[PDB]
Number of protein chains: 8
Amino acid sequence: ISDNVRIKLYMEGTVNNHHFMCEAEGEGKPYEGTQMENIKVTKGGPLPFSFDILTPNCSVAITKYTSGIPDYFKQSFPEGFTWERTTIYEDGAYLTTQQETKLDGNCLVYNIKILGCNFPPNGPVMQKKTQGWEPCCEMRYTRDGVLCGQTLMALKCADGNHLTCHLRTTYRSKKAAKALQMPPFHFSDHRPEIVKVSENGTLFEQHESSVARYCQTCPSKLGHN
Amino acid sequence: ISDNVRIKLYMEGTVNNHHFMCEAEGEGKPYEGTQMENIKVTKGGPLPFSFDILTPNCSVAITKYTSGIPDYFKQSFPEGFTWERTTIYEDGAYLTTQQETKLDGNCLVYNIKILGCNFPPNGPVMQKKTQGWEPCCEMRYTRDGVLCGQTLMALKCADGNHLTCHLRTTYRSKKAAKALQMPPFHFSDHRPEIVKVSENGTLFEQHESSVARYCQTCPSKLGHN
Amino acid sequence: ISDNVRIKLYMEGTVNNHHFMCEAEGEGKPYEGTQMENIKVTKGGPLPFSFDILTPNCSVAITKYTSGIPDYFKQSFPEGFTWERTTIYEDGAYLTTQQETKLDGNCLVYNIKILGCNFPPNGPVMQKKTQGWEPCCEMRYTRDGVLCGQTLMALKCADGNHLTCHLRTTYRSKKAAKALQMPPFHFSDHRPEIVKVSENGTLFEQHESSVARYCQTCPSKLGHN
Amino acid sequence: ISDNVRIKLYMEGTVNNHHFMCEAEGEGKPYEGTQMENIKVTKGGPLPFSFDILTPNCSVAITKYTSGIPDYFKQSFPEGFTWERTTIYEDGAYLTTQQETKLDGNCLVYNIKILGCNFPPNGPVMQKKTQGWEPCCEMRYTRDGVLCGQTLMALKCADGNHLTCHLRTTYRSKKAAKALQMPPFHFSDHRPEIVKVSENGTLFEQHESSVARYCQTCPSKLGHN
Amino acid sequence: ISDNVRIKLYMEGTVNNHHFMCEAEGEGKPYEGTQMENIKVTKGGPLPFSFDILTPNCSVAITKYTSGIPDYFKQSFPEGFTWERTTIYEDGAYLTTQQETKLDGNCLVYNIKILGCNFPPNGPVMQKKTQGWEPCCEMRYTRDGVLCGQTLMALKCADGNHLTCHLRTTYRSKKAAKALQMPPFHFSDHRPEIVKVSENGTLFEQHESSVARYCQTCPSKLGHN
Amino acid sequence: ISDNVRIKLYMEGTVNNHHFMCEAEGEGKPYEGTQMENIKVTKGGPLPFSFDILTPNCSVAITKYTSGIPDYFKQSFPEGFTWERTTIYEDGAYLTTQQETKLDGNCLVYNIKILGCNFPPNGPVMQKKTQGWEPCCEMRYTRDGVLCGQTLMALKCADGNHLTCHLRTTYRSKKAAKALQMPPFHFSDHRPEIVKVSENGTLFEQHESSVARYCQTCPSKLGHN
Amino acid sequence: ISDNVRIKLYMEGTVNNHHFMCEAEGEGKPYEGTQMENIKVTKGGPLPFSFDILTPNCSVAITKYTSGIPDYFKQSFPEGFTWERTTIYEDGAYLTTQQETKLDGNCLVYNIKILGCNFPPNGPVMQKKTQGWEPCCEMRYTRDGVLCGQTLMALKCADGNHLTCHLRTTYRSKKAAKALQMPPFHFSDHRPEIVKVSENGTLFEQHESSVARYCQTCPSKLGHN
Amino acid sequence: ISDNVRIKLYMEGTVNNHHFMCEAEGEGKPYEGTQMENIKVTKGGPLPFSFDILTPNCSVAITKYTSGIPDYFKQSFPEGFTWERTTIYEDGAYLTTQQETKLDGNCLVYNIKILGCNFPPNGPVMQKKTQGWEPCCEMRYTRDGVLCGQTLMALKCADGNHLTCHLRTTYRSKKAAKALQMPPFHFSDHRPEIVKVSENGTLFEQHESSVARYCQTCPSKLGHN
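Rules used in this analysis
Residues numbered from 1 in each chain as written, not as in the entry; some residues may be left out. Chains lettered and ligands numbered in written order. Heavy atoms only, no water. Residues with missing side-chain atoms left out of burial classes, pairs and counts. Helix = DSSP H or I, 4+ residues; strand = E, 2+ residues; numbered from the N terminus. Rg over C-alpha atoms; globule rule 2.2 N^0.38 Å. Contact = heavy atoms within 4.5 Å. Buried area = accessible area lost by both parts, 1.4 Å probe. Salt bridge = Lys/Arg side-chain N within 4 Å of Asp/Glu carboxyl O. Polar contact = N/O pair within 3.5 Å; in protein donor to acceptor, adjacent residues only side chain to side chain. Nonpolar A, V, L, I, M, F, W, Y, C, P; charged D, E, K, R; others polar. Least-squares fit on C-alpha atoms. Pairing = 2+ DSSP bridges. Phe/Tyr/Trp six-rings, centres within 6.5 Å; stacked < 30°, edge-to-face > 60°. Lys NZ or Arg CZ within 6 Å of the ring centre and 35° of its normal. Buried < 20%, exposed > 50% of the residue type's maximum accessible area, 1.4 Å probe, protein only. Core = buried A, V, L, I, M, F, W, Y, C linked by side-chain atoms within 4.5 Å.

- The record lists X-ray crystallography as the method behind this PDB entry and 2.00 Å as its resolution.

In structure tokens form, the structure reads like this:
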């Protein structure tokens, strides 16, 4: 994959019985870990819920992998990969995702399927009273030949409070595991941001910065990474 | 709704990145709480996983509502209703469902969407070692003007062990609240069974019996139901 | 055990940094499945939270075991048994319990240790908005030589809502597995009730009826329990 | 609190019906974020389970707080503070903790109470097949006047796997909120390590390094921390 | 006024900065002192506080006036009347009401305006911990050519406690003073009750029964009524 | 307590800087709720103010307790009880009372201390332009293990007016919580009357009838008391 | 907010069954703590009661906050704030207010709702015998995340007397608590004055000066402000 | 009165049925407005409630009267004066006081009588959780030949909150109003402080500073004080 790539995204889902579709065009810098997308709600807009719950579903090939840690995602191309996940919100809501990532020439294509349920109608998400995500840190480890990840995230609320959730993910390379160099346990910092909302809340300018690393703030007395 | 109806079912989903589709035809006696369906895997079958995880997705209009407990599901016709649910398995797997129920005269139609993830490859489900569900008891209560339900279920394994999961559901009537009498807290027993498997593991004959009731085994010292 | 026993209970715990102690005297009919206790908050009372969260920690030997289902608990005497559990509330609260049960003559003795945390200060429990529990249905099955249980319960709120929770329990007989007839999968209905409160909310007259059984409301089409 | 303090620790608990007690003696550098402890199992040892599950219970006052982020723990002295927590393991085990921290002169004193349950007998913890914790990242945010924290952790297993768990903590200062400089959302890296084991597996030399910080690796288009 | 009248009600208010509006249709028997209303929260519902604080603002023409005591309210028709009041809660909350009562054909029409303030957020009202009002007794006496009333009321709380308040009212007939027979000092017993709640806590079936009288339980030694 | 008792009263107080003392001999029928007293102003009389403000301070053990409502006062004997109260008049006057009640054989002994302030000099009380109390209804309810009471009273005024006041009382039994049966919410009707004044307005023959009950005039469409 | 702003006011209310509306245009120097307004009675004028009771309801953003005391009102912009209050008069009258404050450019807009009752017809207010307010001192302190205030005020009467009242206020910022610097206990002096009355008592030129401060006249022996 | 006087104090009271007596010795500078006292609980100590509620009953001749405001208290000597007051706390407690002040040579003598009631057992006063008073501002005005006063005060609580109360006072000179120059409306700042506690919490070194003035922070447009 090159240093610069364009992004094409297609999304479809149903949350609390509300069907919607999204489409996006953007660009990314795979080795710099930076991405930008202009995401449009093509159907079912304006959504009866905060767009924030959709953001984290829109990036794992665009991450700056440091310290010589093998890159499970960039190694997967041209074949590409898929990933599956369930996000559990502290107030009882569940959002499950299935995504396919492929590289068509120099354009990264994301195909997303979503099913969400039990979001409280008076909660901050359904009342559209959230104000974006705080940055987060994902824990990544191998299991059964695939790469897994778990993340704790926190949504900023109008009240000043934070609505927390838990993501449990399984990343699946379309390439036979044997043809890959599996990584050791590591982390990935992520900072999702929505810097612009327009067209009556149906078009969002979203950005992302992410870096894969080891724990670099706390030295190891046993000589481990 | 008629005391004698036919059933038509359409199901599509992806579990652990495996896409599939199913269809079925059946019969049911809404007031008797009994139903039978012949479910065929029309695409992606034989499935690489146990069909058991799909069974509970296939009937809450077909339930014997006793003790004068208002029947939220039958009261919803002709408009119909939808329900959403996430099933959490003890071994980390998640399965989310979105379902729409409509009545075309004497035929109930079920449109089901599913997304499953994180099922362990060597687990009983992906290994096809499960042997059907044990009967279960669902807890039902009102919240936010709709009907909620929670169920604990157990899959029988060759081991002699049981694989447990937790179902958290929200039932949404398409009828106006003004025309619906909401029920008090109550239970519903369910006994889902696959009485026959044919067509090289692609045709499943499922039966269902369910009864909504109060707790009748333990007397109340306060005179409550 | 006799058909009429005396009961003595000792309880100590800390919930949200609040230390407390309880003691009770009561009686029960082991084979009838009925029990009653006069529980007194001997220290830390009146409690800064609803006594309802403590009730369910107060009696698995006092249950009417029907249908010839082996009684794991009554079988445990004279040796006795212990049990451990964690109750997970839907609003983030956790309550863990360790209990020891002994039979001295015809007096059952209960020793209970509790640690509870994260109960939201404005939640139904800390605000004392509850009105007792709804009856419940426990799911019981063996695993690794011991008896497991899982129950979903619901607390009634003045508001008309219900606060739900999930109990995950492991029962441990002091008899060896070889000296016991392990039971198959079965259920246990439970109906806890507080019929009187006095002494400025420090003395509670608690009652309970329980029955172990198979699912008989829904007929098996394969001859299973 | 000074740059160099003494550490005394007392712990008691019961896990899977096994009672035990521990005591420790060590030192720490509150502003350097480094702690050294010699923990001895005084009763019930060698423990029938891996000491690893006990480690994380042994020191939030010994963390290097950076970036002007107000330090909730050091601001609580001399009055001190307590914290409560429940750890949920992926294989169904739960461990609940209650701890009090006081500063007696120039010596921090830890009093810990623990109740754990449902650890599978053949799992890596009860089988003593775990080999220490991976470094972790805690998410910290305020709520209801106290400080909350959530962490995902991974225990290294001898078979190459990682046993994951989720920590949910509430930190309670003994000072009135109006006397504290409440912190914004932030992170805390933690690196626990056992550098030596002796005395027939009853004496463990444990060390920890921790840093409180904002996300430092990801640029922000909005200029946010 | 007829022996059977219809009731139409319009209400608008703001309590602790939360705006709302209600409408109701009902029936009443003026001389029997009984009436019923189905009150709907048309705007701002579900309310973030107990509906109980609204109930008392919804009857003074529908009261059984006994012992020949002149009826200030029924004598006011067809002109009608208005009444003003401030309710002072023991925990610092205040709720002021302005009401207009008109007789349109067979329909008594109530136009209510309300402003509430200083209700503690953790009090029983804002926390919805109440379970309806206890019956009450209103003291009635003339002053400055109009009829005054004062009432002490008590809201039942989930924990067995009562939250008390003080009502101070001025009833103002629209009829010419020369056309009214003013009453002597007397009392009025009132029993407000909510017998049903539906439509996600926005529709309430409310009932009331009242009787105006002298003190009949305690005989006068001086022959007074 | 006997069905017929003698009474001895001692009262001392200061109202608007005027000191005074009273003493009385009387009798009563505790279960009949009737009592009489010949109260003599022994010091500071004739009083510079209406004797009416003193009357309500002179008898809760003498009240006919009906409907099986537990009698907190008669239950208190032989130990006895005390009560404290503050009466708030609408024109800014305050009168606080502390009273002790003891049963010496067949003689009830009342010890009363009073402090009154801010009575307007041109008001009906200081001007002696009052014509006795109207009967009243006291609201009684438990709180913190004791019995509380609130009453609204109306003093007949010169030009056909009524001077209103609010009594807030706490009754304290000398018995411990374990030896008392606390009553539910209830009312107490009271009818104080001065039937004779003599010896230059220094000797008053005072009478009273009282009855404890539930609201019996208004039907309950729920079954409550 | 600018150092010089325009003011626009809208007021509506009902006092003693008399409806009225007012509108005003004016200016203010927010940091100097001074403002002027020409208030017009647009409906219901001339008022059958002294305009003095309306004055205090007409601007807490216009106050000179000294000594470094955080300014809760100015910090609230651009979001703005609202406030609620009930004024209790010594002669039994009550007046409740609900106000919304917003800033549009450099124009502060006030929207006020009022309900008043029980004002005696022969009292100084209804007789229009008041001659403006004496200056006052408000007590300000935080509670439950918001700012509270209590003030004692006194109306000068033509006869040399003063009519006193008690104001109880809750100020509510529209910003999240965490985004505000909450103040310590403090005071605010206020000097309201009507300098001109014209157009037959329907147009009033109103002025005010206010300063927030600590107790500056009495030195602290303990070093407190 | 001289500029340096000795102070002697005698106090007796009953609060929530607890009897007590206190005696104090100290000094005061009448014109400087400062006094200090060593107050001893001579009977019934240590008190079961915070000593803070007694502090305000212990000084109005010791105040710096500025601005030419006639000093009602100093003008009263040698005859002296008395004052009476009721303190209304927000949580329902009431404390009434009667005091006599005389000048014996160069020694001011205070005789205080107190009756307090209804203090909540779990409130900060009975729980000894208050930490002194915040300074305050009393409103003073003449009425019916005497001097009245009203003050709002705030007790600092351990948790950081404030417990407020309202004082209503009447000051009565022993001289006839004829020989006195009555003051215009004015204020008096007061700063009570406890600087030392000893002898098992029965001895308190109390201090106070007070100044009588007009509003000096807000200039009058019209020309009033």
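1. Concerning the overall build of chain A
Here is step 1 of the chain: Within chain A, the secondary structure is distributed over one helix and 13 strands.
Here is step 2 of the chain: Reading the secondary structure of chain A in the N-to-C direction produces β-β-β-β-α-β-β-β-β-β-β-β-β-β.
Here is step 3 of the chain: Computed over C-alpha atoms, the radius of gyration of chain A comes to 17 Å, within 12% of the 17 Å expected from 2.2 N^0.38 for 225 residues, which places it in the range of a compact globule.
Here is step 4 of the chain: When its C-alpha atoms are laid out on the principal axes, chain A stretches across 50 × 45 × 30 Å.

2. Structural notes on the interface of chain D and chain A
Here is step 1 of the chain: Chain D puts 41 residues into the contact, and the matching count from chain A is 43 residues.
Here is step 2 of the chain: Between chain D and chain A, the buried area comes to about 3500 Å², and carbon and sulfur atoms account for 58% of it.
Here is step 3 of the chain: Counting across the interface, chain D meets chain A through three salt bridges.
Here is step 4 of the chain: Counting across the interface, chain D meets chain A through 17 residue pairs in polar contact.
Here is step 5 of the chain: Where the side of chain D that touches chain A is concerned, the elements lending two or more residues are β9 (136-143), β10 (146-157), β11 (162-173), β12 (186-198) and β13 (203-213) of chain D.
Here is step 6 of the chain: The biggest single contributor to the side of chain D that touches chain A is β12(D), with seven residues.
Here is step 7 of the chain: Along the lines of polarity and charge, the residues of the side of chain D that touches chain A split into 17 nonpolar, 15 polar and nine charged.

3. A short note on the pattern of salt bridges
Here is step 1 of the chain: Following the criterion strictly, the structure yields 71 salt bridges over all chains and no others.
Here is step 2 of the chain: One salt bridge connects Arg143(H) with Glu90(G), and the closest N-O pair in it is separated by 2.8 Å. Here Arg143(H) is found in strand β9 (residues 136-143), whereas its partner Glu90(G) is found in the loop between β5 (81-89) and β6 (94-104) on a different chain.
Here is step 3 of the chain: With a closest N to O distance of 2.8 Å, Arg213(G) and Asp189(G) form a salt bridge.

4. Some words on the side chain of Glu193(B)
Here is step 1 of the chain: With respect to the helices and strands, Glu193(B) occurs in strand β13 (residues 193-198).
Here is step 2 of the chain: Side chain to side chain, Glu193(B) and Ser220(C) meet in a polar contact 2.7 Å long.
Here is step 3 of the chain: Within polar-contact distance, the side chain of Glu193(B) engages the backbone nitrogen of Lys221(C) at 2.7 Å.

5. Some thoughts on the arrangement of the chains
Here is step 1 of the chain: Separating chain A from chain E is a minimum C-alpha gap of 10 Å, and the two share no contact.
Here is step 2 of the chain: At the C-alpha level, the nearest point of chain C lies 10 Å from chain H, with no contact between them.

6. Points about the relation of the copies chain D and chain A
Here is step 1 of the chain: Once chain D is rotated about the relating axis by 180 degrees and shifted along it by 0.0 Å, it coincides with chain A to within an RMSD of 0.3 Å. Taken together, the rotation and translation relating the two chain copies correspond to the operation of a two-fold axis.
Here is step 2 of the chain: Of the residues that chain D buries at the interface, 100% are likewise interface residues in chain A, meaning the two copies contact each other through the same surface.

7. Let's talk about the pairing of strand β6 (residues 94-104) of chain A
Residues and elements named next belong to chain A.
Here is step 1 of the chain: Pairing between strand β5 (residues 81-89) and β6: eight bridges, direction antiparallel. Among the inter-strand pairings, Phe-81 is bridged to a residue of β6, identified as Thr-101.
Here is step 2 of the chain: The loop that links β5 with its antiparallel partner β6 comprises four residues; one of these, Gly-92, has a positive phi angle of about 90 degrees.
Here is step 3 of the chain: Two strands pair when backbone bridges link them, and β6 and strand β7 (residues 107-117) are joined in this way by 11 bridges, in the antiparallel orientation. Its bridge partner being in β7, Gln-99 is matched across the sheet by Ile-112.
Here is step 4 of the chain: Taking the residues between adjacent antiparallel strands as the criterion, β6 and β7 are bridged by two residues, where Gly-105 takes a positive phi near 70 degrees.

8. Topic: the packing of aromatic side chains
Here is step 1 of the chain: Applying the stated criterion across every chain yields a total of 76 aromatic pairs over all chains.
Here is step 2 of the chain: Relative to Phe187(B), the ring of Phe185(B) lies with its centre 5.4 Å away and its plane at 90 degrees, an arrangement referred to as edge-to-face.
Here is step 3 of the chain: Taken together, the aromatic side chains of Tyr72(C), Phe73(C), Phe77(C), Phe81(C), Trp83(C) and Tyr171(C) make up a single cluster linked through ring pairs.
Here is step 4 of the chain: Across from the ring centre of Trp83(B), 4.3 Å away, lies the NZ or CZ of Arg85(B), which sits over that ring.

9. Some details on the pairing of strand β10 (residues 146-157) of chain F
All names here are of chain F.
Here is step 1 of the chain: The buried fraction of β10 amounts to 11 of the 12 residues, a majority that puts the element mostly inside the structure.
Here is step 2 of the chain: Bridge count between strand β8 (residues 130-133) and β10: two bridges; the pairing is antiparallel. Bridge pairing in β10 places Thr-130 opposite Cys-157.
Here is step 3 of the chain: Bridge analysis of strand β9 (residues 136-143) against β10 gives six bridges, and the strand direction is antiparallel. Following the sheet pairing, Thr-142 is matched in β10 by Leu-147.
Here is step 4 of the chain: Hairpin connection from β9 to β10: two residues lie between these consecutive antiparallel strands, with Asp-144 at a positive phi of about 55 degrees.

10. Let's talk about the nonpolar core
All names here are of chain A.
Here is step 1 of the chain: Of all hydrophobic cores here, the largest spans 72 residues; its most connected members are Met-11, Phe-49, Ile-53, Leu-54, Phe-73, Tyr-89 and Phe-119.
Here is step 2 of the chain: The element that contributes the greatest number of residues to this core is strand β10 (residues 146-157), accounting for eight residues.
Here is step 3 of the chain: Beyond its immediate sequence surroundings of up to four residues, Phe-119 is in contact with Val-15, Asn-16, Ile-53, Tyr-89, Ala-93, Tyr-94, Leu-95, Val-125 and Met-126.

11. Section: unusual backbone geometry
Here is step 1 of the chain: Following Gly45(F), the chain continues to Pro46(F) via a peptide bond in cis, the omega torsion being 0 degrees.
Here is step 2 of the chain: Following the sequence through the fold, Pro46(F) ends up in the loop between β3 (34-43) and β4 (64-65).
Here is step 3 of the chain: Following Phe77(G), the chain continues to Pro78(G) via a peptide bond in cis, the omega torsion being 0 degrees.
Here is step 4 of the chain: Relative to the helices and strands, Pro78(G) is located in the loop between α1 (72-75) and β5.
Here is step 5 of the chain: Here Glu199(H), not a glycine, exhibits a phi torsion of approximately 50 degrees, which is positive.
Here is step 6 of the chain: Structurally, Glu199(H) can be placed in the loop between β12 (186-198) and β13 (203-213).

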